[PDB]
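So you can see what is in the structure, the chains are spelled out below.
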Amino acid sequence: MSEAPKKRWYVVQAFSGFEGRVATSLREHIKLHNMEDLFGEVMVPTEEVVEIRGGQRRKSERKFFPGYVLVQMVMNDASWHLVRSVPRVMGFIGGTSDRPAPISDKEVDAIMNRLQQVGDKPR
């Protein structure tokens, strides 16, 4: 491209429990529409399976944020339309439901950083 391309991170809203599968669907739709060029690195704050271990106490809460996924890609009419075609997808998260405002790359790292955070010392 005459001008250096810029990659931006976008948030994807999906139903809880299927957030992991939703990401897999992107690879299929993107691979079929050859949109991989736009998608750079998708993030998955949820695991396809769950661990037997759980909160030490029921009163305790979870800092995990299911239903939210981060994906790096360029905002365009193709990808955008491709995202809507993705099944089990509520929509995008940004200023409006038709154009997700881009966020700094460091901000995207903070979101995933929260998932790594654990309640080693519950109070």
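Residues numbered from 1 in each chain as written, not as in the entry; some residues may be left out. Heavy atoms only, no water.

In the PDB header, solution NMR is given as the technique by which the entry was determined.

Looking at the PDB entry, one finds the chain named Transcription antitermination protein nusG, with Escherichia coli as its source organism. Per the PDB record, the entry is named "Solution structure of the aminoterminal domain of E. coli NusG". In its Sequence similarities section, UniProt records this for the chain: "Belongs to the NusG family." (UniProt positions renumbered as here; feature names shortened; annotations may be inferred.)

K.L.:
Would you mind going over the sheet that holds strand 1 (residues 8-14) with me for this structure?
P.N.:
Strand pairing in a sheet is mediated by backbone hydrogen bonds. Such pairs are either parallel or antiparallel. One open sheet accounts for three strands, arranged 2-1-3; its pairing is antiparallel. At either margin of the open sheet sits one strand with a lone partner, and together these are strand 2 (68-73) and strand 3 (89-93). Within the sheet, the average angular offset between the axes of one strand and its neighbour, ignoring direction, is 35°. With six bridges connecting them, strand 1 and strand 2 associate as antiparallel partners. Across the sheet, the residue bridging to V12 is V69, located in strand 2. (Pairing = 2+ DSSP bridges. Helix = DSSP H or I, 4+ residues; strand = E, 2+ residues; numbered from the N terminus. Axes fitted to C-alpha atoms, helices over the stretch in contact; angles between N-to-C directions.)

K.L.:
Sorry, what's going on with the packing of aromatic side chains here?
P.N.:
Pairs of aromatic rings are described using the distance from one ring centre to the other and the angle between the two planes. As enumerated under the stated definition, the model contains zero aromatic pairs in all. Between the NZ or CZ atom of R88 and the centre of the ring of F18, over which it lies, the distance is 4.2 Å. (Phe/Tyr/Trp six-rings, centres within 6.5 Å; stacked < 30°, edge-to-face > 60°. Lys NZ or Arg CZ within 6 Å of the ring centre and 35° of its normal.)

K.L.:
It is not clear to me how the environment of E28 should be interpreted in this structure. Could you clarify?
P.N.:
Locating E28 in the fold gives a position in helix 1 (residues 19-33). Sequence spacing of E28 and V11 is 17 residues, and the spatial spacing of their C-alpha atoms is 18 Å.

K.L.:
Would you explain helix 2 (residues 77-85) in this entry?
P.N.:
Since one α-helical turn is 3.6 residues long, residues separated by three or four positions face the same way. Residues of helix 2 that are buried include every one of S79, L82 and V83, and no others. Down the axis of helix 2, the buried side of the element spans an arc of 105°, and every buried residue falls inside it. Seen from the buried face of helix 2, the exposed residues on the opposite side, beyond 90 degrees, are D77, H81 and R84. Turning to helix 2, the residues buried within the fold contact helix 1, strand 2 and strand 3. (Buried < 20%, exposed > 50% of the residue type's maximum accessible area, 1.4 Å probe, protein only. Arc of directions from axis to C-beta. Contact = heavy atoms within 4.5 Å.)

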